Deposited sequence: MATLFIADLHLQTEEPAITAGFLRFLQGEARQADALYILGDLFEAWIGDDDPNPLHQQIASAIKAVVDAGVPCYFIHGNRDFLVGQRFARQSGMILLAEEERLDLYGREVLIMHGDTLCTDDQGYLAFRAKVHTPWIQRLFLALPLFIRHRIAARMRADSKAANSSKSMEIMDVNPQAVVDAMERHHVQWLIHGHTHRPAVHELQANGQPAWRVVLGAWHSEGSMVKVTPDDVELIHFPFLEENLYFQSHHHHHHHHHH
């Protein structure tokens, strides 16, 4: 069974999500053939030299899964597109490109974060092209940490004040470029299974959920595809004395 997660948005202000991810890693992920994280693991990222302790805690927990024999892969999200090869080494995770095609027990599956499918949000596309320009990233990463913190906090406030689903033709385009009948992504926070047609045959798009009140994962076995929602922490059972 292969596991897919996305859109956790880990941040120190939300310790329950972090505790839920740690429990996931020490329970579900240890039994997997592989773990794919399709972007937005963290709520923000300004470079791998950030001494934010949460980054180290998360890196050590993933590395433990990797050391238990479960390979771990990461595709960048729109929030954490600056995760680099230093963090990859500390966590044992492999960085993948923005589009990848996998063989999952015989079925060809395309995986991506999903933000590049949102071709109607032309404000987002302009922002994305900017911060994904290599010379603009290198210039930003070369600034002092305290400068990068101030820039990022200001850009986050500017986006909340300036406040989309995928384009259907963009879905078909990618699934036909890669000649696949299965696509897995996140980003939209709308967990669903969508049926469509691609390459003259039935096709499916599986969307992950964000970790808001509960966790979410897609599990792919040789027999089925599973969208699974679960609580973060171990919810102990206790009884209330209801009356007939």
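Unmodelled regions of the deposited chain sequence (numbering from residue 1, in sequence order): 1, 165-171, 253-259.
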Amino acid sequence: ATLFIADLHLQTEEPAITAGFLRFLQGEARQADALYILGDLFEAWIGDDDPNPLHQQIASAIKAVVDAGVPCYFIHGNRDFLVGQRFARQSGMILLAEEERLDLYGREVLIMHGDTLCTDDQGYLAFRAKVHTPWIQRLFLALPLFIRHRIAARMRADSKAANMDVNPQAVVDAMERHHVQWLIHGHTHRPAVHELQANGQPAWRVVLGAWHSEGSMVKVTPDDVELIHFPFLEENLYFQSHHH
From here on, numbers count along this sequence of modelled residues.
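Only the largest set of C-alpha atoms that superpose within 1.5 Å between the two forms is called the rigid core.
Root mean square Cα distance to the shown form, taken over structures and residues in 8 other deposited structures of this protein after a core fit, is higher for 120-128 when 120-128 and 96-104 are compared. Modelled in this chain, residue 162 is nonetheless absent from a third or more of the other compared entries whose models extend past it on both sides. For the pair 86-94 and 101-109, the record assigns the higher mean C-alpha temperature factor to 101-109.
In this entry, the higher average B-factor at the C-alpha atoms falls on 154-162, of the pair 110-118 and 154-162. Across the options 200, 39, 47, 209, the residue with the most elevated CA B-factor in the record is 200.
Note on the listed residues 147, 75, 139, 72: the highest Cα temperature factor in the record is that of 147. Remark: residue 214 belongs to the highest third of its chain, ranked by C-alpha B-factor as recorded. Ranked by Cα temperature factor within the chain, residue 68 sits in the middle third according to the deposited record. Split the chain's modelled residues into thirds by C-alpha temperature factor. Residue 60 is in the lowest one. Among all modelled residues in this chain, the alpha-carbon of residue 184 has a temperature factor (C-alpha) in the middle third. Looking at the C-alpha B-factors along this chain, the one for residue 33 belongs to the middle third.
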